[PDB]
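Starting off, we have a lone chain in the form deposited in one PDB entry, written out as structure tokens.
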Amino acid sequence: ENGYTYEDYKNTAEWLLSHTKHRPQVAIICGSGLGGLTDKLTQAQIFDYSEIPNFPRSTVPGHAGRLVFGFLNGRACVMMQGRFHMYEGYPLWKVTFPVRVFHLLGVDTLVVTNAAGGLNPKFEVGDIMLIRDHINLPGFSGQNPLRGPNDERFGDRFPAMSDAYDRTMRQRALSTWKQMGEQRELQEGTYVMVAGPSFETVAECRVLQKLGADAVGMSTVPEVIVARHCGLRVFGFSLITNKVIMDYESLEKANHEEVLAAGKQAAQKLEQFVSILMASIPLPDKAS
């Protein structure tokens, strides 16, 4: 919200339009190591955040920071490769700028991916967790992308998140996972946002499991919130890249350097899976 003015979004959206023949309907934010989805697009038109009017440029990850309008599995997409994270200093109203821009672009759906740790034991590093809900930890303390005066033009002052992650798409996906006979069922769970670079400590790991979080991460939640605030049908997954050490028997890891899950075909499984799901995303056409 804060920082930009509606015309900032207007301006950026419009410029994007007057610069891409494409008019997307689906906005996809690729987590770490899931940027590969950008390869699944046709008629791809790449834009470096850099060259886009108000778009936050990136920090070190910048050397992996672009917005690509393509076409994914029978849907006008606009993938964002390399999202913005709070721990990079981006105030949340910047992290989520793009989600507000997309809405203005005409995007009606936002599929949000992300690599995350595993709090739930049943998760196996590599798994893919359908996000059914979220525990916005930094929001409790004020770190919410909607802080500041509300832009009625975008949405309500007190949006409900109880329904964030689309029930329809979550069912029309637990099923689709079945469809291609993916062996092990698409895990489903609650993702807990946690900001700050550092990785949880076993003590923190436990207050996260107790709170009910199935997976932990440092993003998504802010983009879901404003996507919701906008209307944007929202659904997304979480590629468990490493299991968090819930007890003092350490010497066992969960390194991001050890993102190799996302540095494997795990990321590839979630990518194809997201492409197929383009078919499950409702069209703005309808047609009975």
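We call the rigid core whatever largest set of C-alpha positions still superposes within 1.5 Å between the two forms. Start at 1 with the first residue shown and count on from there.
- Stretches 188 to 196 and 89 to 97 differ in mean CA B factor, with 188 to 196 having the higher one.
- Higher average CA B factor: 62 to 70, of the stretches 229 to 237 and 62 to 70.
- Of the residues listed, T176, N114, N136, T109, the entry assigns the biggest Cα temperature factor to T176.
- Note on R147, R83, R167, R157: the highest value goes to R167, judged by CA B factor as recorded.
- Compared with the other modelled residues of the chain, the Cα B-factor recorded for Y49 ranks in the middle third.
- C30: CA B factor in the lowest third of modelled residues in this chain (values from the PDB entry).
- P56: CA B factor lies in the lowest third for its chain, per the PDB record.
- Residue-level temperature factors show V221 in the lowest third of its chain, judged at the C-alpha atom.
- Residue-level temperature factors show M180 in the highest third of its chain, judged at the C-alpha atom.
Quick note: we don't show the form deposited in another entry, though the next part is all about it.
- In a rigid core superposition between this form and the one not shown, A262 is the single residue of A262, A227, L37, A27 whose Cα is displaced by 2 Å or more.
- A displacement of 2 angstroms or greater separates the C-alpha positions of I245 between this form and the one not shown, with the rigid core held in common.
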